[PDB]
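In what follows, a single structure is set out as structure tokens and then discussed.
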Amino acid sequence: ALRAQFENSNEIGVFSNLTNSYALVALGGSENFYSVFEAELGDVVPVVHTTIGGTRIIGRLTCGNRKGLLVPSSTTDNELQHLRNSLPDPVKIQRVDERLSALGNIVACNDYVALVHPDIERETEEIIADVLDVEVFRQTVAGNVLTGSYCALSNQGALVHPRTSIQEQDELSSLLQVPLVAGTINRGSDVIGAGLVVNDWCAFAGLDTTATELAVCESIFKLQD
Amino acid sequence: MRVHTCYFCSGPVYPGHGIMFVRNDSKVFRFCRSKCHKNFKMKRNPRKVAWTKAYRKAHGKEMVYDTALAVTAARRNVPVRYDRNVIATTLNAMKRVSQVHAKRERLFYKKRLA
Amino acid sequence: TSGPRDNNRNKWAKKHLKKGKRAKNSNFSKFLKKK
Amino acid sequence: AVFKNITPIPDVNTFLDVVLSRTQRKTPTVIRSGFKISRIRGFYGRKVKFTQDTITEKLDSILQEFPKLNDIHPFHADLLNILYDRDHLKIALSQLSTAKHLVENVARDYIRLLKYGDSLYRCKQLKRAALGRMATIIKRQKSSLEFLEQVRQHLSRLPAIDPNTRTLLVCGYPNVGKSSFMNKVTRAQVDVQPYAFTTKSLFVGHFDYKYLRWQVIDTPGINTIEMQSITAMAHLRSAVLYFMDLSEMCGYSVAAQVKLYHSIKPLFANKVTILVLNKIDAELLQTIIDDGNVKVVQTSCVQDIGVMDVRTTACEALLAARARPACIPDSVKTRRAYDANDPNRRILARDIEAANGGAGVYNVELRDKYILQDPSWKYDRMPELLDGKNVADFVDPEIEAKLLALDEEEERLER
Amino acid sequence: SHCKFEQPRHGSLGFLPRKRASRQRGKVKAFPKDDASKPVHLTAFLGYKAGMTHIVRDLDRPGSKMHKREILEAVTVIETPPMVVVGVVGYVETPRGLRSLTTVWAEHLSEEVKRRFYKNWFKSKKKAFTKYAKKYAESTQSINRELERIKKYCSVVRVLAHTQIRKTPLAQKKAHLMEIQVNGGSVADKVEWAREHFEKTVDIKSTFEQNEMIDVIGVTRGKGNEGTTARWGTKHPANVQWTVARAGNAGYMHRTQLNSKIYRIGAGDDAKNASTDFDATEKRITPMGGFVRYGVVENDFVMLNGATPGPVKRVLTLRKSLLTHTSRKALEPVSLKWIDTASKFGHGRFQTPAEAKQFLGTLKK
Amino acid sequence: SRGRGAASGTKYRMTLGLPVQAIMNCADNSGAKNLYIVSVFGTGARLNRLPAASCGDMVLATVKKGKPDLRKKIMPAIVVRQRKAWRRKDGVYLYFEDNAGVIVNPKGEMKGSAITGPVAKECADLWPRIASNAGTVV
Amino acid sequence: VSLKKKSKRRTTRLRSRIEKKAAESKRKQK
RNA sequence: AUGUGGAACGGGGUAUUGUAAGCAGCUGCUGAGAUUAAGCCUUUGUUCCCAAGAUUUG
RNA sequence: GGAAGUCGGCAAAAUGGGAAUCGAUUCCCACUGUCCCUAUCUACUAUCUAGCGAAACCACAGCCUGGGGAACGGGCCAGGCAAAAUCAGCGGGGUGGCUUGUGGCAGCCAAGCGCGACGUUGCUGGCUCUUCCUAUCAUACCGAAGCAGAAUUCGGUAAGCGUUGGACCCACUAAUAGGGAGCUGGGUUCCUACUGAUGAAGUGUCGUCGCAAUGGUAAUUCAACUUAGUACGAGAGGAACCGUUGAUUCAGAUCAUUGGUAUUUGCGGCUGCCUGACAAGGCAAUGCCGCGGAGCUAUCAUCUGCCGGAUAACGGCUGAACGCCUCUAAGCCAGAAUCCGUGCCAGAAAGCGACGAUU
């Protein structure tokens with residue numbers, strides 16, 4: 001568990017997306033964010049200094065896992081070509097003709113199971129299962145539709161709202177086959193996805209995250225070893 | 001940098017030219033010029049407006065299909081890694097599209113003349 | 001905020017002109033000058 | 001309670017000079033006898049009113065910035081009691097408010113008489129009569145303004161306390177190792193000197209432990225300092241951290257310290273005290289140990305041994321009183337953490353930046369990291385459009401084969 | 001009594017009088033400071049505003065909000081055929097100013113520059129410079145004397161150059177003749193450079209190089225006599241003062257646009273000047289259907305950012321910046337991605353007739 | 001400090017099409033329906049010029065129609081959609097068919113949870129919270 | 001140049017008024 | 001004031017509108033027809049006209 | 001976008017209308033160039049021309065600054081200045097060297113000449129407009145303060161540049177500082193100036209290219225990235241200089257793109273009218289509607305807005321006066337958005353140079 005700030009913002013999930021096979025960072029701002037990501041994942045997975053549609057919210061615009069990556073309709077051809085050249089061959093990239101352009105807000109996906117916005121298109125769901133090779137389930141998180149923004153997923157742990165009930169907690173854990181904890185990030189902000197990006201072996205949160213919150217994320221993600 | 005296709009006339013839309021309209025269902029329409037934009041505002045059906053390629057192709061006035069060169073064009077949603085040999089011989093395939101499509105364009109209208 | 005008449009702004013503008021930031025103009029002039 | 005936000009109080013002379021200078025500079029100055037009497041009356045009326053407004057504006061600023069002793073946490077109210085005599089402070093603040101009302105009354109009275117000014121002179125002296133009375137009113141609070149400024153200066157020095165948070169009060173004999181324990185536990189730089197009662201006032205220092213922050217407040221050793229120390233523990237949800245000189249190297253007898261702790265136990269009740277054996281490296285204690293709440297932890301002050309253990313024990317006592325195969329890469333298992341000083345550490349784009357002109361000048365090459373069969377083309381420009389078609393729609397690794405298949409087909413059509 | 005509600009002045013006092021410019025050609029009221037450390041180089045050029053278009057370029061502007069994105073910018077296209085050097089003027093510094101000591105002319109003067117000296121070329125007997133040509137042929141030692149005078153006494157060397165207006169598709173036949181100060185080197189070096197450049201053409205390829213920052217100067221469009229509304233932007237006993245906004249001439253004033261960037265210097269003989277590395281698609285800078293009210297560009301051309309004073313087919317002067325200014329906008333390179341050559345005479349929709357013909361069906365004609 | 005409060009990036013000049021007194025649609029799920037524009041942040045001293053806002057600008061808003069407890073606060077609002085056509089710096093002209101905005105605190109995180117309708121990318125970039133809680137960003 | 005804020009030269013009413021009221025001052029002190 | 005001369009028309013390109021009259025059998029001729037410089041571009045096209053009258057100038 | 005204008009829905013658009021209170025008022029909805037913020041189009045006038053052709057008014061006229069005791073004026077005094085003849089606009093021109101920031105009564109002293117200074121003690125009208133002043137609200141730079149940092153208080157130089165939008169109220173803003181020298185509401189019962197446009201004339205004539213005396217002058221503020229979660233701080237919090245990127249206001253341009261405008265009356269559609277009919281066209285004070293190039297235009301579109309000296313507050317060097325000291329007396333250094341230039345605009349129509357031809 002590490003603390004980082006993009007520019008002077010506590011939301012690093014918005015400006016970056018992290019998987020178990022690659023990292024994506026925003027372009028045009030301060031590369032200190034790219035510098036921090038390279039300091040921990042430079043020797044493990046490639047780090048791509050990319051934008052999506054001339055935009056820096058790539059974290060909440062693109063959802064992906066260790067296998068595949070998705071981009072929205074507004075993704076330019078040049079940027080898509082840039083992403084393909086940067087990423088290694090065993091990783092596949094896919095454009096999505098989805099009405100809900102914010103893929104990072106409508107899809108929360110780990111390497112094996114993904115939980116999606118309830119009103120996603122059938123064609124989007126089919127191509128998600130084809131590219132991501134994960135089981136896709138339509139459900140809301142704490143009565144809230146933005147699963148990708150309001151829930152963070154990893155292979156060994158996950159987080160949701162503190163507003164969720166215990167029975168919702170148990171049901172979500174049972175449907176995801178991964179330990180799940182009700183918590184908060186960045187000192188009381190209930191946007192877990194926007195404030196946290198996690199791979200299977202490291203975690204990044206905003207610099208305003210409390211020590212208690214970092215301990216919670218470390219405890220659920222078993223990152224001490 | 002994409003030379004899109006207009007919703008109304010089905011013609012090319014270069015950068016700078018035309019209007020982009022986003023509807024509440026997040027659908028994006030591109031209009032090449034003010035004529036097509038205002039016609040869209042009055043909601044005139046392209047299939048019933050004479051001067052549109054959409055009408056011409058849907059009324060039998062344009063080719064049914066042109067499987068030119070075993071492949072003609074597509075909206076590829078899977079990007080392909082950059083290669084010179086691929087990039088140069090596909091530069092040539094571009095042209096080879098053009099003469100073949102130009103040839104069939106002459107033949108079709110000659111057939112339609114009689 | 002200080003304006004363009006600022007003596008400071010003039011001073012570090014002069015500092016920029018004192019260094020290689022204007023050497024891209026010297027060799028630029030030399031290229032056409034020689035050709 | 002951050003008391004630093006109080007504006008500095010000028011002495012009576014500067015206050016009057018600032019007010020009168022502002023009246024002169026911000027209000028019109030020139031008038032002639034030949035002007036309509038209404039304009040003359042309005043002219044001097046503005047100066048009297050403007051001077052009234054400046055005075056109350058300043059006086060209200062004082063009255064609002066000072067903390068209302070009744071509405072504040074009784075820890076700070078009693079602390080301000082021992083230091084400042086709430087009655088003297090309250091009298092001083094009430095004198096300014098009574099002054100404020102008096103300044104308003106005189107101005108209202110003289111504005112009212114000015115409505116009847118018949119000549120440029122009779123207005124001139126009402127204004128002079130006005131401003132002089134406004135000034136003589138202010139000159140009478142010389143003592144009150146001077147007192148409040150002294151109170152202000154010492155208020156800005158006091159530490160920002162927060163009894164709501166978890167705390168652990170440290171009190172005991174003067175220079176009995178409590179200062180050393182506070183310095184070792186918290187980052188606060190508490191001065192340690194051979195002079196007795198070096199800590200004239202309280203010293204608050206935060207310490208992070210058990211995923212929480214505790215505010216350890218060190219009190220004066222045991223006068224006004226002793227009274228302030230007593231009131232510090234009077235109203236605070238915290239535990240006592242008494243340090244008794246085991247070897248009497250601090251100059252205070254162990255029996256005397258035990259007797260003092262027993263006497264002060266009435267105020268130390270409802271807390272988990274500590275029977276610290278200070279200066280361990282450098283009978284009566286049985287009665288203190290009989291209480292049970294005090295933790296007998298040796299404190300080798302000379303050797304700085306046991307301070308961490310005592311702090312951990314005190315913190316614990318205070319807390320008690322209050323298929324998914326994660327395929328981590330093999331390089332991750334042996335990745336050297338990026339720490340700047342080491343030479344083996346690789347470089348980052350941040351360091352390339354400072355070398356190549358810093359923020360705003362360095363152009364990061366996006367293309368510099370492409371997985372690509374060559375590093376030379378790494379700056380090439382890929383054609384995007386050609387003759388109304390994108391090159392992108394046609395990029396196919398087997399596109400040569402589709403072209404040859406085609407060749408055969410066109411050769412068939414021409415024949 | 002004071003003004004109750006104040007506003008900034010409706011005009012600019014530094015641009016009045018708003019009178020018609022006494023010239024049609026842009027005057028250079030300041031040439032860049034000379035330096036003997038750098039030897040010879042010119043400092044200005046003369047072109048014609050053909051028309052303006054828009055381009056798409058990738059912006060490599062570090063720290064910008066749109067770093068490494070595709071941006072659209074309006075660009076002005078000025079046709080710049082090479083200019084013929086026909087004279088040299090020596091200027092001596094005096095306690096009364098720079099005074100033109102003498103002038104030396106080339107032997108062979110084209111009809112282009114000869115038309116400048118007449119209001120009616122056909123009626124004239126064309127006697128100008130005839131005796132000058134005679135004395136040039138007879139004795140070159142005299143001409144050597146004035147050049148010796150220039151290199152011995154004069155401190156500023158300027159070359160009289162005229163633009164080949166015949167090459168441009170302009171209906172005007174008079175060539176525009178102006179002085180370009182030869183900056184750099186010793187006075188002798190400038191005099192020599194002028195001598196070996198007599199009667200030869202100097203091109204924009206040798207004056208400017210596609211990345212530098214220049215000042216473009218010219219006479220603005222004429223809007224005629226106008227009231228206070230559009231001339232000035234308008235919403236105690238005395239006499240009316242000069243500061244009061246009044247009704248009069250609006251337009252046709254001598255103006256100077258500073259900090260203009262050349263995005264491209266293209267060659268007329270090349271047929272790829274409108275094509276970029278991202279575009280291919282063989283085309284010329286002239287838009288489909290020709291430039292509106294100018295014609296077809298067939299010579300060297302310069303593409304500047306933004307807009308330049310004056311309408312189409314008017315003469316502009318392009319000078320090197322007087323003062324160095326190393327703003328990263330002035331220092332960054334330019335990599336064009338696409339140039340628009342669709343029909344500006346209406347809502348054009350096709351770049352070239354070649355690529356229009358595949359989309360359109362077989363026209364009966 | 002409210003003016004550019006938590007912007008995380010500068011905004012390019014955009015056509016202003018929502019002056020004061022404008023009435024415009026609420027876009028979040030907090031329960032408010034309509035908004036009335038009271039003032040716009042970052043307007044200087046221009047004589048007679050009506051204060052105006054664009055996409056991604058922060059305004060002072062009053063909920064004309066909506067939930068009563070959502071009202072009685074002059075709350076900051078982020079204009080996310082605008083009917084007036086504006087030039088995106090890449091050259092394309094954009095205009096959404098309705099004027100929409102979201103109720104937000106002065107810091108820059110809204111009271112709502114999900115945005116109904118398209119979101120301008122200019123709005124989503126000056127306000128990462130809106131981008132985080134947006135459904136479709138165009 | 002004057003190089004002053006107040007003119008050193010005086011008006012005829014002003015110069016006449018001095019002898020008007022300077023004499024009265026001597027009358028008053030008498 | 002006999003010239004890469006000018007002008008009036010004509011063709012072509014480019015644009016605007018939207019598929020004409022008629023021939024016919026909505027469809028085909030027919031993205032046709034009409035307009036296109038009056039402050040659009042071009043012209044081996046035809047026709048036509050100019051090496052003239054007056055005034056002031058050392 | 002939708003009365004944000006105005007004292008106010010005056011006037012247009014909705015076709016004017018729904019509910020309340022006493023036709024009026026209010027409210028909610030609706031509409032719209034009243035407004036943000038103006039742009040475009042048409043006719044007439046104004047412009048020029050041919051003909052015709054007045055009147056009011058008229059001591060004489062026609063530049064400004066200071067003074068002329070007043071009444072300052074145009075004539076007088078001292079200055080700035082001052083070059084024919086004119087054209088089109090617009091209407092300007094037909095009473096103290098006062099005063100300012102510090103109240104009234106009594107007593108005690110007492111420098112001094114019965115007073116007696118300072119002290120000291122006793123008590124209750126608003127809508128738009130050019131310019132100037134500094135007595136500075138903000139911006140620039142400084143000094144002091146418990147001024148750790150941030151934020152802030154007071155004071156100095158400083159008028160270069162800004163000082164808003166709405167019904168004292170509430171917002172924005174860096175700030176909403178104070179004053180000097182065309183119009184409307186409630187309350188009492190000719191010439192001259194300014195601005196543009198020509199224009200005879202020395203210098204032989206006509207031109208081309210230039211010089212520059214002088215006059216004017218322009219840019220202003222904010223926040224965003226590092227530098228930073230660093231200096232500082234127990235902590236809370238948390239800057240700056242260099243470098244870079246945008247925006248507010250202002251100024252000057254331009255029409256590639258976008259919107260607007262329609263007499264392209266360009267094309268098409270609808271209604272009615274006109275020849276027997278299939279057709280054919282034409283007409284309707286711009287019949288109505290859609291699109292509509294070109295032009296014009298929009299902070300409704302795009303572009304552009306720079307560096308050299310001298311100083312003020314103030315910080316110092318050497319150094320006397322005054323055997324020490326001292327930023328000052330002789331000298332010197334650094335130093336503000338300040339002053340002067342550069343740059344930008346005009347070009348003396350009575351300033352000038354070079355070149356070309358010369359009946």
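Chain lettering (A, B, ...) mirrors the order of the structure tokens, residue numbering begins at 1 for each chain separately, and ligand numbering begins at 1 in order of display.
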Test item: residues at most 10 Å from residue 2 in chain C, only C-alpha atoms (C1' of nucleotides), excluding those fewer than 3 positions along its chain, as a PDB file with N, CA and C atoms (P, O5', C5', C4', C3', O3' and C1' of nucleotides), in the first residue's frame:
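The resulting file, out.pdb, is reproduced below:
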```pdb
ATOM      1  N   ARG C   5       6.685  45.608 -18.186  1.00  0.00           N
ATOM      2  CA  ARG C   5       7.615  46.677 -17.843  1.00  0.00           C
ATOM      3  C   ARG C   5       8.437  46.356 -16.605  1.00  0.00           C
ATOM      4  N   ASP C   6       8.140  45.247 -15.930  1.00  0.00           N
ATOM      5  CA  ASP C   6       8.876  44.849 -14.740  1.00  0.00           C
ATOM      6  C   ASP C   6      10.362  44.748 -15.055  1.00  0.00           C
ATOM      7  N   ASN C   7      11.183  45.330 -14.179  1.00  0.00           N
ATOM      8  CA  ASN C   7      12.626  45.215 -14.336  1.00  0.00           C
ATOM      9  C   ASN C   7      13.098  43.789 -14.085  1.00  0.00           C
ATOM     10  N   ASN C   8      12.414  43.054 -13.203  1.00  0.00           N
ATOM     11  CA  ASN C   8      12.734  41.642 -13.020  1.00  0.00           C
ATOM     12  C   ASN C   8      12.456  40.855 -14.292  1.00  0.00           C
ATOM     13  N   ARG C   9      11.241  40.987 -14.833  1.00  0.00           N
ATOM     14  CA  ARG C   9      10.881  40.276 -16.057  1.00  0.00           C
ATOM     15  C   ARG C   9      11.857  40.585 -17.181  1.00  0.00           C
TER      16      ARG C   9
ATOM     17  P     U I 139      -3.229  43.260  -3.463  1.00  0.00           P
ATOM     18  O5'   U I 139      -2.566  43.456  -4.897  1.00  0.00           O
ATOM     19  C5'   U I 139      -2.858  42.565  -5.963  1.00  0.00           C
ATOM     20  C4'   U I 139      -2.279  43.055  -7.265  1.00  0.00           C
ATOM     21  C3'   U I 139      -0.791  43.368  -7.253  1.00  0.00           C
ATOM     22  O3'   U I 139       0.017  42.214  -7.386  1.00  0.00           O
ATOM     23  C1'   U I 139      -1.961  45.134  -8.301  1.00  0.00           C
ATOM     24  P     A I 140       1.310  42.028  -6.453  1.00  0.00           P
ATOM     25  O5'   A I 140       2.307  43.164  -6.952  1.00  0.00           O
ATOM     26  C5'   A I 140       2.821  43.149  -8.275  1.00  0.00           C
ATOM     27  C4'   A I 140       3.975  44.105  -8.422  1.00  0.00           C
ATOM     28  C3'   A I 140       4.935  44.164  -7.248  1.00  0.00           C
ATOM     29  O3'   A I 140       5.871  43.102  -7.243  1.00  0.00           O
ATOM     30  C1'   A I 140       4.370  46.355  -7.898  1.00  0.00           C
ATOM     31  P     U I 220       0.754  45.987 -17.881  1.00  0.00           P
ATOM     32  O5'   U I 220      -0.730  46.450 -17.542  1.00  0.00           O
ATOM     33  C5'   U I 220      -1.142  46.648 -16.201  1.00  0.00           C
ATOM     34  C4'   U I 220      -2.485  46.018 -15.934  1.00  0.00           C
ATOM     35  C3'   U I 220      -2.470  44.750 -15.102  1.00  0.00           C
ATOM     36  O3'   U I 220      -2.303  44.990 -13.718  1.00  0.00           O
ATOM     37  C1'   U I 220      -3.891  44.445 -16.955  1.00  0.00           C
ATOM     38  P     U I 221      -1.239  44.118 -12.893  1.00  0.00           P
ATOM     39  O5'   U I 221      -2.119  42.951 -12.263  1.00  0.00           O
ATOM     40  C5'   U I 221      -3.263  43.257 -11.483  1.00  0.00           C
ATOM     41  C4'   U I 221      -4.338  42.212 -11.630  1.00  0.00           C
ATOM     42  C3'   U I 221      -3.972  40.801 -11.209  1.00  0.00           C
ATOM     43  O3'   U I 221      -4.019  40.614  -9.805  1.00  0.00           O
ATOM     44  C1'   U I 221      -5.103  40.739 -13.282  1.00  0.00           C
ATOM     45  P     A I 337       8.710  46.898 -11.140  1.00  0.00           P
ATOM     46  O5'   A I 337       7.280  47.573 -11.308  1.00  0.00           O
ATOM     47  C5'   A I 337       7.050  48.558 -12.301  1.00  0.00           C
ATOM     48  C4'   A I 337       5.704  48.371 -12.950  1.00  0.00           C
ATOM     49  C3'   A I 337       4.940  49.644 -13.273  1.00  0.00           C
ATOM     50  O3'   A I 337       5.373  50.261 -14.472  1.00  0.00           O
ATOM     51  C1'   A I 337       3.493  48.078 -12.237  1.00  0.00           C
TER      52        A I 337
END
```
Original post:
Could you name the residues that touch residue 57 in chain A at 7 Å or less, counting only C-alpha atoms (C1' of nucleotides), but leaving out those on the same chain fewer than 3 positions away, as a ChimeraX atom specification?
Top reply: /A:14-15,60-61 /F:125
**OP:** Between CA of residue 101 in chain A and CA of residue 208 in chain A, measure the distance and give it in Å to one decimal.
**Re:**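 Separating CA of residue 101 in chain A from CA of residue 208 in chain A is a distance of 28.9 Å.
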Original post:
Hey, can you check how far CA of residue 307 in chain E sits from CA of residue 250 in chain E?
Top reply: 18.7 Å
At a cut-off of 9 Å, can you tabulate as CSV every residue of chain B near chain E together with its closest atom pair and the distance in Å to one decimal, using only C-alpha atoms and ordering rows by chain then number?
```
residue,atom,partner,partner_atom,distance
B:1,CA,E:70,CA,7.4
B:11,CA,E:359,CA,7.8
B:12,CA,E:349,CA,7.0
B:13,CA,E:349,CA,7.3
B:14,CA,E:349,CA,8.0
B:15,CA,E:56,CA,7.6
B:16,CA,E:72,CA,7.2
B:17,CA,E:349,CA,8.0
B:32,CA,E:349,CA,7.5
B:33,CA,E:347,CA,6.5
B:34,CA,E:347,CA,8.2
B:53,CA,E:360,CA,8.9
B:62,CA,E:361,CA,8.1
B:98,CA,E:358,CA,7.2
B:101,CA,E:358,CA,7.2
B:102,CA,E:358,CA,6.1
B:105,CA,E:362,CA,6.4
B:106,CA,E:362,CA,6.2
B:108,CA,E:362,CA,8.7
B:109,CA,E:362,CA,6.3
B:110,CA,E:362,CA,8.9
```
Writing out the chosen residues with N, CA and C atoms as a compact mmCIF listing (two decimals), in the first residue's frame:
```
# COMPACT_ATOMS: atom_id res chain seq x y z
N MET B 1 -7.74 11.88 -35.77
CA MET B 1 -7.74 12.21 -37.19
C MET B 1 -8.44 11.13 -38.01
N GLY B 11 -21.65 11.48 -46.83
CA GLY B 11 -20.42 11.92 -47.45
C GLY B 11 -19.29 12.10 -46.45
N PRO B 12 -18.09 12.36 -46.95
CA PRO B 12 -16.94 12.53 -46.05
C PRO B 12 -17.09 13.76 -45.17
N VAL B 13 -16.56 13.66 -43.96
CA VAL B 13 -16.54 14.76 -42.99
C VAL B 13 -15.11 14.91 -42.50
N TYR B 14 -14.43 15.94 -42.96
CA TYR B 14 -13.05 16.21 -42.60
C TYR B 14 -13.00 17.04 -41.33
N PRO B 15 -11.82 17.17 -40.71
CA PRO B 15 -11.70 18.03 -39.53
C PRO B 15 -12.12 19.46 -39.83
N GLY B 16 -12.76 20.09 -38.85
CA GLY B 16 -13.19 21.46 -38.98
C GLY B 16 -14.54 21.60 -39.67
N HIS B 17 -14.78 20.79 -40.69
CA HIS B 17 -16.02 20.90 -41.45
C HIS B 17 -17.18 20.29 -40.68
N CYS B 32 -21.99 17.26 -42.19
CA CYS B 32 -20.87 17.83 -42.93
C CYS B 32 -21.02 19.33 -43.13
N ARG B 33 -22.24 19.81 -43.38
CA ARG B 33 -22.44 21.22 -43.69
C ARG B 33 -23.77 21.67 -43.11
N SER B 34 -24.04 22.97 -43.22
CA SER B 34 -25.25 23.53 -42.63
C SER B 34 -26.51 22.98 -43.29
N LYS B 53 -26.70 10.07 -50.43
CA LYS B 53 -26.19 8.75 -50.78
C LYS B 53 -26.98 7.64 -50.09
N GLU B 62 -27.46 2.71 -56.44
CA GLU B 62 -26.05 2.51 -56.14
C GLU B 62 -25.83 1.01 -55.93
N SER B 98 -8.82 1.72 -55.56
CA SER B 98 -9.38 2.88 -56.25
C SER B 98 -9.62 2.61 -57.73
N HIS B 101 -12.43 -0.02 -57.93
CA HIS B 101 -13.72 0.61 -57.66
C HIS B 101 -14.09 1.60 -58.75
N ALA B 102 -13.11 2.31 -59.29
CA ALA B 102 -13.37 3.22 -60.40
C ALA B 102 -13.83 2.46 -61.64
N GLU B 105 -17.27 1.31 -61.09
CA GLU B 105 -18.15 2.48 -61.13
C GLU B 105 -18.52 2.83 -62.57
N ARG B 106 -17.56 2.72 -63.49
CA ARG B 106 -17.85 2.93 -64.91
C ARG B 106 -18.78 1.85 -65.45
N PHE B 108 -20.96 -0.12 -63.90
CA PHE B 108 -22.32 -0.12 -63.37
C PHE B 108 -23.17 0.94 -64.07
N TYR B 109 -22.65 2.16 -64.20
CA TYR B 109 -23.42 3.22 -64.85
C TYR B 109 -23.63 2.94 -66.33
N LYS B 110 -22.66 2.31 -66.99
CA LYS B 110 -22.86 1.90 -68.37
C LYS B 110 -24.00 0.89 -68.47
```
Subject >> 9 Å contact set for residue 111 in chain F, only C-alpha atoms (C1' of nucleotides), chain neighbours under 2 positions out, as an MDAnalysis selection string >> reply: chainID F and resid 28:30 102:105 109 113
Generate a file of the selected residues that holds C-alpha atoms, formatted as a PDB file, in the first residue's frame.
```pdb
ATOM      1  CA  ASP F  28     -27.720  13.843 -10.692  1.00  0.00           C
ATOM      2  CA  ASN F  29     -29.794  11.372  -8.671  1.00  0.00           C
ATOM      3  CA  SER F  30     -29.801  13.537  -5.526  1.00  0.00           C
ATOM      4  CA  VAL F 102     -25.031  18.906 -11.092  1.00  0.00           C
ATOM      5  CA  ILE F 103     -25.367  20.032  -7.475  1.00  0.00           C
ATOM      6  CA  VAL F 104     -21.893  20.034  -5.911  1.00  0.00           C
ATOM      7  CA  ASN F 105     -20.251  21.239  -2.716  1.00  0.00           C
ATOM      8  CA  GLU F 109     -17.592  16.411  -4.862  1.00  0.00           C
ATOM      9  CA  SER F 113     -24.136   9.459  -7.134  1.00  0.00           C
TER      10      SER F 113
END
```
**OP:** Could you find all residues in range 79-196 of chain D that DSSP calls strand (DSSP E or B) from the backbone, and write them as a PyMOL selection string?
**Re:** chain D and resi 167-170
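Atom to atom, CA of residue 169 in chain D and CA of residue 288 in chain D stand 18.5 Å apart.
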